[PDB]
Every structure is written in C-alpha cells, then in structure tokens.
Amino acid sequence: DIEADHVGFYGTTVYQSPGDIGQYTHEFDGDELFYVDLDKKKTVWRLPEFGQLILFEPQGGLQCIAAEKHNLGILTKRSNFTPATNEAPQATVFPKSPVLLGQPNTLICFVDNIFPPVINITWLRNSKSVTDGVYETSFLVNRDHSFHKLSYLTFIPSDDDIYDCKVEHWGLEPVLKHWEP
C-alpha cells in the first residue's frame, strides 16, 4: 500500500553470505535499467543505447555493495544468527511474438518467489541442453523482498521441436516447465 504515478529504484542492492554474493541494479517502473558488474567494475546497460547519452559511475554500486557487506556482519550477530527462510520458486513460460513457424521469435521463462537470490535457469530442447541465444536478467525486486528473474531464448519455431525450462533452486529436486496454452 504505497501509490503514485511512477517509481524509481536508484538503489537495489543485495548481498548475502556465506559465499558473499552481490548485485547492484537500477529499475524504473519495474524494468532493470542497468546492473553494475562488480567484477569488471562497470555499468551494464539493459538495452545498449540506454546509456548512449546518459552516464552511471559504477563506484556508487561498488560502495553500496561494500556497505551491505559490512551491514550484514553487523545484522548477522544481532538477529542472534537467524538464517534465511528459503522459499521455493514458481516458473511460467510464454513467448515474445505470437508463434510464426519459419521466422525468429523468443521464448521466456519467468521465475517468481526466489529467495535467497541464487538460481540456475537453463533451457531444454526436447530435453537436449540448450546454451546458445540465451539471455538472463539480474534479480528484479518484488515488494515482499523475494526477487523475480527472466531467461530468454532465441529460436527457429519449427513444429516438431518441444521446449522445456529447468529451474534448479534450493527451497526445492528441479522443476521443468514445458510451455502451455
């Protein structure tokens, strides 16, 4: 219950231990603008010409991370040491265009109620392992502090080929989603 005509996330920082695992991203009406690659300390535009004119200085992301990192240690020992309610995911699949056997389309798996945000989302063609033409998103944010996520597959829509999304989480063991309607 908080409304208004638009919303910006010029924060969004998550970090988690053990293994110590971070992301920094900015959203605007629930669409990732960029994410900072913390390893190559650089800004990664969700849509290449999104930062044609516009700049983002990555070191802001890096700082926010290292706050959270420090902020963890100090809220770890102050919840006694409470760990995280693993919740189990909730895939769904649909496509980009409506389907056009001959010409490219793109197939997207939508995984909701993730937490903590580590996951594999892999693609299956007739249960052969598909690694090419695949784009994932960063962990987007849900009002309740889960995350959601989004894997993308470019393909030549030939009936007969059949398409499967596999979601190897923790709270769940896998879960495939064959498509639907």
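The first residue of the sequence shown is number 1, and the count goes up from there.
Missing coordinates between residue 172 and residue 173 amount to 1 to 3 residues of the deposited sequence. For the pair 67-75 and 89-97, the mean Cα B-factor is higher in 89-97. Taking the mean C-alpha B-factor of each stretch as recorded, 19-27 and 157-165 are not equal, and the higher mean is that of 157-165. As recorded in the entry, 124 carries the highest CA temperature factor of 33, 121, 124, 140. Within the listed group 47, 150, 130, 54, the record reports its top CA B-factor for 130.
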